[PDB]
Amino acid sequence: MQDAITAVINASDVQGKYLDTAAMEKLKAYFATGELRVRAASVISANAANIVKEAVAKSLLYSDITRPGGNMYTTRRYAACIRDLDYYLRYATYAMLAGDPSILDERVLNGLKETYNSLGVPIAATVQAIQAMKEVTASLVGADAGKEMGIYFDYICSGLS
Amino acid sequence: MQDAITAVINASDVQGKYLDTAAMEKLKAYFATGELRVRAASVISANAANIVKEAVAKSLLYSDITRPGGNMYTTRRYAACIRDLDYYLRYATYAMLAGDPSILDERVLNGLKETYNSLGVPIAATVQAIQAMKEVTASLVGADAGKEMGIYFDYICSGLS
Amino acid sequence: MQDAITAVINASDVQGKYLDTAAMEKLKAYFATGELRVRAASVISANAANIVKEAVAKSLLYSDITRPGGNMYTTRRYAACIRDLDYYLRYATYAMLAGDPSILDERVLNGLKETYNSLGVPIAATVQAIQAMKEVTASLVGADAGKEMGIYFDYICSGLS
Amino acid sequence: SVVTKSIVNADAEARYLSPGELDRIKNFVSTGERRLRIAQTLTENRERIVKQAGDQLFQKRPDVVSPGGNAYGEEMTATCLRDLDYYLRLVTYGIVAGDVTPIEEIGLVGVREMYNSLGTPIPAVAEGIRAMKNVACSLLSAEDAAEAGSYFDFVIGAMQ
Amino acid sequence: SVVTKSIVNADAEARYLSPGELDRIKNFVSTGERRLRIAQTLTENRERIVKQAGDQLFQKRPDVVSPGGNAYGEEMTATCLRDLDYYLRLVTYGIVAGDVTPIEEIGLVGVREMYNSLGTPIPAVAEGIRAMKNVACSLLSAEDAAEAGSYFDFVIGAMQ
Amino acid sequence: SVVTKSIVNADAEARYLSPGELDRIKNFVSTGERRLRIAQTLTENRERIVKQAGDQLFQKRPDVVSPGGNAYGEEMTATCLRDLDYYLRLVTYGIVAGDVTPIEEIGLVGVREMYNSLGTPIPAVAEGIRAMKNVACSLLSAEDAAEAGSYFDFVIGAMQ
Ligand SMILES: *[C@H](C)[C@H]1/C(=C/c2[nH]c(/C=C3N=C(/C=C4\NC(=O)C(CC)=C4C)C(C)=C\3CCC(=O)O)c(CCC(=O)O)c2C)NC(=O)[C@@H]1C
Ligand SMILES: *[C@H](C)[C@H]1/C(=C/c2[nH]c(/C=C3N=C(/C=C4\NC(=O)C(CC)=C4C)C(C)=C\3CCC(=O)O)c(CCC(=O)O)c2C)NC(=O)[C@@H]1C
Ligand SMILES: *[C@H](C)[C@H]1/C(=C/c2[nH]c(/C=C3N=C(/C=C4\NC(=O)C(CC)=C4C)C(C)=C\3CCC(=O)O)c(CCC(=O)O)c2C)NC(=O)[C@@H]1C
Ligand SMILES: *[C@H](C)[C@H]1/C(=C/c2[nH]c(/C=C3N=C(/C=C4\NC(=O)C(CC)=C4C)C(C)=C\3CCC(=O)O)c(CCC(=O)O)c2C)NC(=O)[C@@H]1C
Ligand SMILES: *[C@H](C)[C@H]1/C(=C/c2[nH]c(/C=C3N=C(/C=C4\NC(=O)C(CC)=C4C)C(C)=C\3CCC(=O)O)c(CCC(=O)O)c2C)NC(=O)[C@@H]1C
Ligand SMILES: *[C@H](C)[C@H]1/C(=C/c2[nH]c(/C=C3N=C(/C=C4\NC(=O)C(CC)=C4C)C(C)=C\3CCC(=O)O)c(CCC(=O)O)c2C)NC(=O)[C@@H]1C
């Protein structure tokens, strides 16, 4: 995978150039916002179970998907769904903490849409759950940290669609 | 896999309804014909080697496929062919005993046509062998048990084509 | 895999005929040229490292591929490239020694073009390297042995394109 | 079912069903009529079993229907009686199937992951199906109450 | 062949053929002319070997050509002489190949699965190729009979 | 980087970053400004470091630039100074990354396979980067020379 630092290094590596005056400023932008990223990660780690709980109750619960015939129906498929929200929340935190969505492309979104369309999982319902967590996470981490997380929340939703 | 009983349960499960008055009659139909299915399975198990032998001699033997250039030629491909008839006869007995062709879709027909077309096995010749076993099995098990087996024999042939 | 001897046997096997008067001459052609094939293999085995070295310096080195941005750039991708030339030279020697390009189709060219196009390896640059080894090998093994090797060198290049 | 289990075990070893395994299908089909009558009795008395089991459940565990509990209010209490209806519907499938696989696959596999996320006390849910067992078995005969009760006990044990 | 075997073993360890393995190809190509003459001698005297081997086979095992046996009748007996012709054709490939791989891959791999299904006695089939060995080797010289006979023995051993 | 390593280790065990692992990112981002100044100092004095390191390298190993050696001639010697420029460029990435992964992935993984094929003496290449270390560290402060020098030592150790 890549992060904000190594992504800039690889960009200069392919060109065969040293770290430019513009390239140094991109790193300084990441270092200056380093403590803000770490502060948000600790809050989400503490409220990991609560963010997923509120997101499911807001968007998913009390609807056709939870009822017989729906995809969330049965304890196996219900437990399998909240497990995905636990991944999406955890992998979104890595993308924010790293400052690069390379981890989402490799270890999450790679062949994810094809796996759902095969099994029969609704993508539209999954997006609403992730978008629900974006609003719930933003209230806890704040406006500054909430926006940065939202970039990688929307990146996961973009990969599914 | 599924059988006649669990298939009816899953049908009522997706609707989210209890066992209907019509659904109970489908189960009673399976239970009433339970001893007839078991009687046929024991006969085919005893005459497992003979049914495959007569079917091959009737349809496959003394023809281009057994001669050099054909697909049954060589002891490896000959032994590999009778092995398939041993599967088709065994998996057809499971489908009859279960009363549902779900086992044929999962553990037999799944990617079977693609495997033959790759290796170069003739599908038309394979169907005649299975249809040969249908006539041979029907004479042993009887008219009542022979028809029920024939449904799942024709189901395998339908999957190949 | 197959060689010059077993390839002729399989040709007569599918027809269901004994070794024909014409088929015997094909074997005698291989046996008469047997010592010439073995002599060439020992020369290439001794000069295995030198043939790959000169071929890379002639075609690959000092160009865009070795420079930053190119596919040979970095020690990992450089070492991975010379490793391929070590395979192509070794597998070409097997094809010459066997007298049949069946080994190239099975254990080399099978899904090779798809693997490169995925990773992003240039096929045009790879062909020039193999064609470079053909000229270098021909000078060592001689005119008689050099032509026979060239058939299987060009066969690998044909498989990539 | 026993028919499904016998085929899966036979297919695993690559062989036709043994004389013993065929006999497990012989008695299964003969005693099928008995289990259907047991399933119908619970199905006919479906609304009564859920109501009485709920009343006994909330008597033994008032904290769930008290302020702060999971089943506080009319909607939250009504949703709990639906859970009881689900497991009662699964028990009827388990009975007619002759084993606890339909109960397991549907409403037990990953059941604690569901209720822990919802915040429902699972020992309270286990105490709920205890109430259904006693109310359901009272309608059935002495022999049928013993058979049907084993499926309820499996649902209790899975939750614990 | 020895050339194929040397390449497969060399490719397995990721290396060029050793001086010893190259020498196994050197003598193989030199003695190739010798084995072709042995193959031609059996090919020219093909019809005679099959007829005499059959006559000796049915003398030692009359039950196969007697009523109830597998080779009873003109068509069934003629089909048995074809089997002998097949293995004689495979022996000629084995000789010219320098090893028993062509014999193994074609007519030996899963040979008992074939004959047990057909109902043919395989020890009778093994006794048939014993007859071919003695009739085939009698045509060849003392040195060639020893070489060609080792391929027949392999076909006998595989059936047993 | 330490951020990448902390995420990879956390993702492996299926868990959020621990308080300790988060602290490794806290100090990393605070000391990021320090390492950027070290990277700039080497970048500004890029041409001087390569020239002086080359002069010292050829003094200690004259055989490489003598007739018969790998770096004999103006073009071959100029290509050797580019190799030094590459590893100096990799060192600056290693410094700003906070670890030797950028140095490892690019110019060290399969480095001996490259130079053995080219015919370059790798201990001579290791002696070249020793010269860069001493020339580069002399420009930096006492504290920065200790930090930057550890990345040079890693490149030396990988070649040996
Ligand atoms: C009653 C004994 C206990 C109780 C239960 C309770 N449940 C809910 C909400 C839900 N329960 C389920 C249950 C299932 N879904 C399934 O697919 C299966 C297997 C077939 C079962 C058993 C579901 C899906 C929900 C979500 C609602 C929906 O259907 O969409 C609540 C409400 C929780 C809340 O606050 O929202 C309660 C209270 N409550 C108790 O106190 C008892 C311990
Ligand atoms: C929840 C919001 C939605 C939902 C999901 C659901 N998923 C499955 C089955 C699987 N889901 C995954 C997902 C992941 N695997 C990963 O490795 C990662 C991170 C890299 C994710 C997010 C996988 C692998 C499976 C298959 C495993 C399995 O045991 O099935 C189901 C069950 C589908 C089935 O029939 O098996 C469901 C229901 N369901 C919803 O309704 C929401 C829209
Ligand atoms: C003779 C020594 C024994 C014998 C043989 C016998 N064979 C058959 C029928 C067949 N035999 C074969 C044999 C082969 N097929 C192959 O591909 C190979 C490898 C190259 C071999 C050796 C085959 C294919 C048949 C089927 C006929 C066909 O060709 O389509 C019979 C007839 C059996 C019957 O009753 O139909 C017999 C009798 N019989 C003996 O008694 C000897 C022991
Ligand atoms: C016989 C009626 C026909 C025939 C068949 C034949 N099959 C093969 C090779 C394979 N056949 C299978 C079949 C199955 N695999 C299964 O798991 C099941 C049940 C679930 C079946 C029915 C498989 C897996 C193979 C590949 C294995 C292998 O060792 O090859 C061949 C040989 C093809 C080849 O060249 O390898 C043949 C000849 N041949 C006929 O002529 C009949 C029409
Ligand atoms: C100098 C300390 C030593 C030395 C070096 C030398 N190198 C070459 C030729 C090449 N060196 C490289 C090196 C790299 N490529 C990479 O991708 C990386 C990682 C980023 C490195 C370090 C390459 C690619 C070449 C090929 C030329 C090209 O760029 O295309 C030579 C020339 C060899 C020849 O004879 O052609 C030399 C001499 N020489 C010494 O004496 C020192 C020990
Ligand atoms: C050299 C002439 C060209 C070149 C090659 C290059 N290849 C790779 C990566 C791989 N190459 C192979 C090749 C083979 N695998 C085999 O098994 C055989 C013989 C049967 C061959 C010839 C494989 C399997 C890989 C993947 C393994 C890996 O570790 O990557 C690369 C690296 C690509 C990457 O980004 O990973 C390169 C650069 N490069 C050139 O520029 C020449 C045109």
# chains A, B, ... in the order shown; residues from 1 in each chain; ligands from 1

call {"tool": "residues_around", "arguments": {"residues": "residue F:37", "least_positions_apart": "3", "cutoff": "10 Å", "atoms": "only C-alpha atoms", "output": "VMD selection string"}}
result
(chain A and resid 24) or (chain F and resid 32 to 34 40 to 43 96 140 144)

call {"tool": "write_last_selection", "arguments": {"atoms": "N, CA and C atoms", "output": "PDB file, in the first residue's frame"}}
result
ATOM      1  N   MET A  24       7.975  19.194  -1.486  1.00  0.00           N
ATOM      2  CA  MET A  24       8.240  19.364  -0.054  1.00  0.00           C
ATOM      3  C   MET A  24       7.032  19.953   0.678  1.00  0.00           C
TER       4      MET A  24
ATOM      5  N   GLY F  32       8.824  15.494  11.565  1.00  0.00           N
ATOM      6  CA  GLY F  32       8.837  15.532  10.103  1.00  0.00           C
ATOM      7  C   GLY F  32       9.528  16.761   9.542  1.00  0.00           C
ATOM      8  N   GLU F  33       9.337  17.903  10.201  1.00  0.00           N
ATOM      9  CA  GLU F  33       9.967  19.160   9.792  1.00  0.00           C
ATOM     10  C   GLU F  33      11.493  19.085   9.884  1.00  0.00           C
ATOM     11  N   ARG F  34      11.991  18.359  10.885  1.00  0.00           N
ATOM     12  CA  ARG F  34      13.429  18.182  11.088  1.00  0.00           C
ATOM     13  C   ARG F  34      14.071  17.405   9.939  1.00  0.00           C
ATOM     14  N   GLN F  40      16.693  18.537   2.376  1.00  0.00           N
ATOM     15  CA  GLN F  40      17.001  19.717   1.561  1.00  0.00           C
ATOM     16  C   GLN F  40      18.499  20.017   1.510  1.00  0.00           C
ATOM     17  N   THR F  41      19.182  19.848   2.641  1.00  0.00           N
ATOM     18  CA  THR F  41      20.623  20.105   2.732  1.00  0.00           C
ATOM     19  C   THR F  41      21.422  19.196   1.795  1.00  0.00           C
ATOM     20  N   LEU F  42      21.016  17.932   1.709  1.00  0.00           N
ATOM     21  CA  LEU F  42      21.639  16.976   0.792  1.00  0.00           C
ATOM     22  C   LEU F  42      21.256  17.265  -0.661  1.00  0.00           C
ATOM     23  N   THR F  43      20.027  17.736  -0.869  1.00  0.00           N
ATOM     24  CA  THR F  43      19.529  18.065  -2.207  1.00  0.00           C
ATOM     25  C   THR F  43      20.218  19.302  -2.788  1.00  0.00           C
ATOM     26  N   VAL F  96      13.098  11.300   4.607  1.00  0.00           N
ATOM     27  CA  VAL F  96      11.762  11.908   4.687  1.00  0.00           C
ATOM     28  C   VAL F  96      10.649  10.892   4.971  1.00  0.00           C
ATOM     29  N   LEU F 140      25.834  18.324   7.317  1.00  0.00           N
ATOM     30  CA  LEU F 140      24.799  18.330   8.354  1.00  0.00           C
ATOM     31  C   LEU F 140      25.393  18.563   9.744  1.00  0.00           C
ATOM     32  N   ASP F 144      21.971  15.629  13.222  1.00  0.00           N
ATOM     33  CA  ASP F 144      21.431  15.242  11.916  1.00  0.00           C
ATOM     34  C   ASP F 144      22.329  14.244  11.182  1.00  0.00           C
TER      35      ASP F 144
END

call {"tool": "residues_around", "arguments": {"residues": "residue A:69", "least_positions_apart": "2", "cutoff": "9 Å", "atoms": "only C-alpha atoms", "output": "PDB file with C-alpha atoms, in the first residue's frame"}}
result
ATOM      1  CA  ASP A  64     -37.808  -4.600   3.548  1.00  0.00           C
ATOM      2  CA  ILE A  65     -34.141  -5.701   3.771  1.00  0.00           C
ATOM      3  CA  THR A  66     -34.481  -6.775   7.431  1.00  0.00           C
ATOM      4  CA  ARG A  67     -37.869  -8.439   6.801  1.00  0.00           C
ATOM      5  CA  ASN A  71     -30.928  -9.501   2.202  1.00  0.00           C
ATOM      6  CA  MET A  72     -30.342  -8.561   5.853  1.00  0.00           C
ATOM      7  CA  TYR A  73     -32.883 -11.195   6.989  1.00  0.00           C
TER       8      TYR A  73
ATOM      9  CA  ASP B  13     -39.055 -18.845   4.934  1.00  0.00           C
ATOM     10  CA  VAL B  14     -38.511 -16.233   2.191  1.00  0.00           C
ATOM     11  CA  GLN B  15     -42.208 -15.270   2.308  1.00  0.00           C
ATOM     12  CA  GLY B  16     -42.026 -15.094   6.120  1.00  0.00           C
TER      13      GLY B  16
END

call {"tool": "atom_distance", "arguments": {"atom1": "atom 39 (N, counted along the ligand's line) of ligand 1", "atom2": "atom CA of residue A:53"}}
result
16.0 Å

call {"tool": "closest_residue", "arguments": {"among": "A:43, A:11, A:36, A:85", "to": "chain D", "atoms": "only C-alpha atoms"}}
result
A:85

call {"tool": "residues_near_ligand", "arguments": {"ligand": "ligand 5", "cutoff": "8 Å", "atoms": "only C-alpha atoms and all ligand atoms", "output": "JSON, numbers by chain"}}
result
{"C": [57, 60, 61, 62, 63, 64, 65, 66, 67, 68, 72, 73, 74, 75, 78], "F": [54, 57, 64, 65, 69, 70, 71, 72, 76, 77, 79, 80, 81, 82, 83, 84, 86, 87, 90, 106, 107, 108, 111, 114, 115, 118, 119, 120, 121, 122, 123, 124, 125, 126, 127, 128, 129]}

call {"tool": "atom_distance", "arguments": {"atom1": "atom CA of residue F:14", "atom2": "atom CA of residue A:151"}}
result
22.4 Å

call {"tool": "residues_around", "arguments": {"residues": "residue A:5", "least_positions_apart": "5", "cutoff": "8 Å", "atoms": "only C-alpha atoms", "output": "ChimeraX atom specification"}}
result
/A:27,30 /F:1,96-97

call {"tool": "interface_residues", "arguments": {"of": "chain B", "to": "chain D", "cutoff": "9 Å", "atoms": "only C-alpha atoms", "output": "PDB file with N, CA, C and O atoms, in the first residue's frame"}}
result
ATOM      1  N   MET B   1     -26.800 -28.181   0.262  1.00  0.00           N
ATOM      2  CA  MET B   1     -27.839 -28.698  -0.674  1.00  0.00           C
ATOM      3  C   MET B   1     -29.231 -28.630  -0.046  1.00  0.00           C
ATOM      4  O   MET B   1     -29.376 -28.269   1.125  1.00  0.00           O
ATOM      5  N   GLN B   2     -30.246 -28.976  -0.836  1.00  0.00           N
ATOM      6  CA  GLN B   2     -31.632 -29.003  -0.375  1.00  0.00           C
ATOM      7  C   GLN B   2     -32.294 -30.332  -0.727  1.00  0.00           C
ATOM      8  O   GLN B   2     -31.866 -31.021  -1.656  1.00  0.00           O
ATOM      9  N   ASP B   3     -33.335 -30.685   0.024  1.00  0.00           N
ATOM     10  CA  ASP B   3     -34.180 -31.836  -0.294  1.00  0.00           C
ATOM     11  C   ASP B   3     -35.640 -31.384  -0.367  1.00  0.00           C
ATOM     12  O   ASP B   3     -35.930 -30.196  -0.219  1.00  0.00           O
ATOM     13  N   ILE B   5     -38.088 -31.677   1.674  1.00  0.00           N
ATOM     14  CA  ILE B   5     -38.580 -31.094   2.923  1.00  0.00           C
ATOM     15  C   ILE B   5     -38.049 -29.675   3.124  1.00  0.00           C
ATOM     16  O   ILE B   5     -38.827 -28.738   3.304  1.00  0.00           O
ATOM     17  N   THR B   6     -36.726 -29.525   3.091  1.00  0.00           N
ATOM     18  CA  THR B   6     -36.084 -28.228   3.334  1.00  0.00           C
ATOM     19  C   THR B   6     -36.356 -27.208   2.225  1.00  0.00           C
ATOM     20  O   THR B   6     -36.314 -26.002   2.470  1.00  0.00           O
ATOM     21  N   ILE B   9     -39.552 -25.651   3.205  1.00  0.00           N
ATOM     22  CA  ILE B   9     -39.288 -24.783   4.356  1.00  0.00           C
ATOM     23  C   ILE B   9     -38.694 -23.443   3.916  1.00  0.00           C
ATOM     24  O   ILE B   9     -39.112 -22.389   4.397  1.00  0.00           O
ATOM     25  N   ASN B  10     -37.725 -23.494   3.002  1.00  0.00           N
ATOM     26  CA  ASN B  10     -37.092 -22.283   2.470  1.00  0.00           C
ATOM     27  C   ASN B  10     -38.048 -21.424   1.639  1.00  0.00           C
ATOM     28  O   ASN B  10     -37.906 -20.201   1.596  1.00  0.00           O
ATOM     29  N   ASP B  13     -39.971 -19.706   4.183  1.00  0.00           N
ATOM     30  CA  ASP B  13     -39.055 -18.845   4.934  1.00  0.00           C
ATOM     31  C   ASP B  13     -38.865 -17.481   4.269  1.00  0.00           C
ATOM     32  O   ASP B  13     -38.865 -16.452   4.948  1.00  0.00           O
ATOM     33  N   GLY B  16     -41.846 -15.436   4.712  1.00  0.00           N
ATOM     34  CA  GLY B  16     -42.026 -15.094   6.120  1.00  0.00           C
ATOM     35  C   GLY B  16     -43.355 -15.592   6.658  1.00  0.00           C
ATOM     36  O   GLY B  16     -43.959 -14.955   7.523  1.00  0.00           O
ATOM     37  N   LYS B  17     -43.803 -16.737   6.144  1.00  0.00           N
ATOM     38  CA  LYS B  17     -45.079 -17.331   6.533  1.00  0.00           C
ATOM     39  C   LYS B  17     -44.858 -18.697   7.166  1.00  0.00           C
ATOM     40  O   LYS B  17     -43.860 -19.364   6.889  1.00  0.00           O
ATOM     41  N   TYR B  18     -45.797 -19.108   8.014  1.00  0.00           N
ATOM     42  CA  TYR B  18     -45.803 -20.463   8.572  1.00  0.00           C
ATOM     43  C   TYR B  18     -46.124 -21.477   7.473  1.00  0.00           C
ATOM     44  O   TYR B  18     -46.439 -21.098   6.345  1.00  0.00           O
ATOM     45  N   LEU B  19     -46.040 -22.762   7.805  1.00  0.00           N
ATOM     46  CA  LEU B  19     -46.356 -23.824   6.851  1.00  0.00           C
ATOM     47  C   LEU B  19     -47.840 -23.781   6.485  1.00  0.00           C
ATOM     48  O   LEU B  19     -48.699 -24.059   7.323  1.00  0.00           O
ATOM     49  N   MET B  24     -48.230 -28.085   3.577  1.00  0.00           N
ATOM     50  CA  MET B  24     -48.270 -29.341   4.330  1.00  0.00           C
ATOM     51  C   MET B  24     -48.526 -30.542   3.417  1.00  0.00           C
ATOM     52  O   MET B  24     -47.964 -31.617   3.628  1.00  0.00           O
ATOM     53  N   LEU B  27     -45.402 -31.833   1.660  1.00  0.00           N
ATOM     54  CA  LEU B  27     -44.593 -32.666   2.550  1.00  0.00           C
ATOM     55  C   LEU B  27     -45.189 -34.067   2.672  1.00  0.00           C
ATOM     56  O   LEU B  27     -44.466 -35.060   2.594  1.00  0.00           O
ATOM     57  N   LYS B  28     -46.506 -34.137   2.860  1.00  0.00           N
ATOM     58  CA  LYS B  28     -47.220 -35.417   2.931  1.00  0.00           C
ATOM     59  C   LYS B  28     -47.065 -36.243   1.651  1.00  0.00           C
ATOM     60  O   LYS B  28     -47.077 -37.474   1.699  1.00  0.00           O
ATOM     61  N   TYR B  30     -44.315 -36.244  -0.148  1.00  0.00           N
ATOM     62  CA  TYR B  30     -42.957 -36.782  -0.058  1.00  0.00           C
ATOM     63  C   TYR B  30     -42.867 -37.948   0.929  1.00  0.00           C
ATOM     64  O   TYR B  30     -42.185 -38.939   0.658  1.00  0.00           O
ATOM     65  N   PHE B  31     -43.548 -37.825   2.068  1.00  0.00           N
ATOM     66  CA  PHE B  31     -43.529 -38.869   3.098  1.00  0.00           C
ATOM     67  C   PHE B  31     -44.237 -40.145   2.638  1.00  0.00           C
ATOM     68  O   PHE B  31     -43.781 -41.251   2.932  1.00  0.00           O
ATOM     69  N   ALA B  32     -45.350 -39.984   1.927  1.00  0.00           N
ATOM     70  CA  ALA B  32     -46.112 -41.120   1.403  1.00  0.00           C
ATOM     71  C   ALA B  32     -45.321 -41.908   0.357  1.00  0.00           C
ATOM     72  O   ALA B  32     -45.476 -43.126   0.246  1.00  0.00           O
ATOM     73  N   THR B  33     -44.478 -41.208  -0.400  1.00  0.00           N
ATOM     74  CA  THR B  33     -43.627 -41.830  -1.416  1.00  0.00           C
ATOM     75  C   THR B  33     -42.206 -42.100  -0.902  1.00  0.00           C
ATOM     76  O   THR B  33     -41.295 -42.339  -1.693  1.00  0.00           O
ATOM     77  N   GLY B  34     -42.024 -42.077   0.418  1.00  0.00           N
ATOM     78  CA  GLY B  34     -40.706 -42.245   1.026  1.00  0.00           C
ATOM     79  C   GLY B  34     -40.140 -43.647   0.899  1.00  0.00           C
ATOM     80  O   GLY B  34     -38.965 -43.821   0.573  1.00  0.00           O
ATOM     81  N   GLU B  35     -40.978 -44.649   1.159  1.00  0.00           N
ATOM     82  CA  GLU B  35     -40.566 -46.051   1.080  1.00  0.00           C
ATOM     83  C   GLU B  35     -40.290 -46.489  -0.361  1.00  0.00           C
ATOM     84  O   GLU B  35     -39.453 -47.360  -0.598  1.00  0.00           O
ATOM     85  N   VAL B  38     -36.713 -45.224  -1.221  1.00  0.00           N
ATOM     86  CA  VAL B  38     -35.681 -46.002  -0.528  1.00  0.00           C
ATOM     87  C   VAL B  38     -35.517 -47.395  -1.142  1.00  0.00           C
ATOM     88  O   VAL B  38     -34.402 -47.913  -1.228  1.00  0.00           O
ATOM     89  N   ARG B  39     -36.631 -47.991  -1.563  1.00  0.00           N
ATOM     90  CA  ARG B  39     -36.619 -49.304  -2.212  1.00  0.00           C
ATOM     91  C   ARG B  39     -35.852 -49.269  -3.535  1.00  0.00           C
ATOM     92  O   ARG B  39     -35.127 -50.210  -3.863  1.00  0.00           O
ATOM     93  N   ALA B  41     -33.461 -47.052  -4.339  1.00  0.00           N
ATOM     94  CA  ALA B  41     -32.057 -46.737  -4.061  1.00  0.00           C
ATOM     95  C   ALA B  41     -31.237 -47.980  -3.713  1.00  0.00           C
ATOM     96  O   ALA B  41     -30.074 -48.090  -4.106  1.00  0.00           O
ATOM     97  N   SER B  42     -31.846 -48.907  -2.977  1.00  0.00           N
ATOM     98  CA  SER B  42     -31.184 -50.155  -2.589  1.00  0.00           C
ATOM     99  C   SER B  42     -30.971 -51.094  -3.780  1.00  0.00           C
ATOM    100  O   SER B  42     -29.993 -51.842  -3.815  1.00  0.00           O
ATOM    101  N   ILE B  44     -30.577 -50.054  -7.027  1.00  0.00           N
ATOM    102  CA  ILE B  44     -29.536 -49.437  -7.853  1.00  0.00           C
ATOM    103  C   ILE B  44     -28.154 -49.582  -7.207  1.00  0.00           C
ATOM    104  O   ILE B  44     -27.153 -49.738  -7.906  1.00  0.00           O
ATOM    105  N   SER B  45     -28.108 -49.531  -5.877  1.00  0.00           N
ATOM    106  CA  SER B  45     -26.861 -49.719  -5.133  1.00  0.00           C
ATOM    107  C   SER B  45     -26.306 -51.133  -5.316  1.00  0.00           C
ATOM    108  O   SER B  45     -25.093 -51.317  -5.439  1.00  0.00           O
ATOM    109  N   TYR B  87     -20.575 -41.729 -11.328  1.00  0.00           N
ATOM    110  CA  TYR B  87     -21.000 -40.494 -10.663  1.00  0.00           C
ATOM    111  C   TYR B  87     -22.451 -40.170 -11.011  1.00  0.00           C
ATOM    112  O   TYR B  87     -23.284 -40.012 -10.120  1.00  0.00           O
ATOM    113  N   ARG B  90     -24.825 -42.351  -9.325  1.00  0.00           N
ATOM    114  CA  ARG B  90     -24.816 -42.114  -7.881  1.00  0.00           C
ATOM    115  C   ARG B  90     -25.476 -40.784  -7.513  1.00  0.00           C
ATOM    116  O   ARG B  90     -26.259 -40.718  -6.564  1.00  0.00           O
ATOM    117  N   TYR B  91     -25.155 -39.730  -8.263  1.00  0.00           N
ATOM    118  CA  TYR B  91     -25.731 -38.404  -8.021  1.00  0.00           C
ATOM    119  C   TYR B  91     -27.202 -38.313  -8.438  1.00  0.00           C
ATOM    120  O   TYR B  91     -27.951 -37.500  -7.895  1.00  0.00           O
ATOM    121  N   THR B  93     -29.208 -40.887  -7.995  1.00  0.00           N
ATOM    122  CA  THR B  93     -29.842 -41.583  -6.874  1.00  0.00           C
ATOM    123  C   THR B  93     -30.037 -40.653  -5.674  1.00  0.00           C
ATOM    124  O   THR B  93     -31.039 -40.758  -4.966  1.00  0.00           O
ATOM    125  N   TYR B  94     -29.081 -39.750  -5.449  1.00  0.00           N
ATOM    126  CA  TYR B  94     -29.206 -38.745  -4.390  1.00  0.00           C
ATOM    127  C   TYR B  94     -30.360 -37.786  -4.677  1.00  0.00           C
ATOM    128  O   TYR B  94     -31.139 -37.460  -3.782  1.00  0.00           O
ATOM    129  N   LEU B  97     -33.567 -39.714  -4.116  1.00  0.00           N
ATOM    130  CA  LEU B  97     -33.747 -39.972  -2.686  1.00  0.00           C
ATOM    131  C   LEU B  97     -34.065 -38.690  -1.913  1.00  0.00           C
ATOM    132  O   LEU B  97     -34.846 -38.714  -0.959  1.00  0.00           O
ATOM    133  N   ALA B  98     -33.460 -37.578  -2.328  1.00  0.00           N
ATOM    134  CA  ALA B  98     -33.733 -36.272  -1.727  1.00  0.00           C
ATOM    135  C   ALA B  98     -35.057 -35.691  -2.223  1.00  0.00           C
ATOM    136  O   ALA B  98     -35.774 -35.035  -1.465  1.00  0.00           O
TER     137      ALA B  98
END

call {"tool": "residues_near_ligand", "arguments": {"ligand": "ligand 2", "cutoff": "8 Å", "atoms": "only C-alpha atoms and all ligand atoms", "output": "NGL selection string"}}
result
:A and (60 or 65-66 or 70-73 or 76-78 or 80-85 or 87-88 or 91 or 107-109 or 112 or 115-116 or 119-127 or 129-130)

call {"tool": "residues_around", "arguments": {"residues": "residue C:47", "least_positions_apart": "5", "cutoff": "9 Å", "atoms": "only C-alpha atoms", "output": "short mmCIF file (atom, residue, chain, number, x, y, z; two decimals) with C-alpha atoms, in the first residue's frame"}}
result
data_model
loop_
_atom_site.label_atom_id
_atom_site.label_comp_id
_atom_site.auth_asym_id
_atom_site.auth_seq_id
_atom_site.Cartn_x
_atom_site.Cartn_y
_atom_site.Cartn_z
CA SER C 42 26.60 -27.94 -23.70
CA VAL C 52 22.13 -13.08 -21.50
CA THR C 137 23.89 -17.95 -29.47
CA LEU C 140 28.87 -19.72 -30.41
#
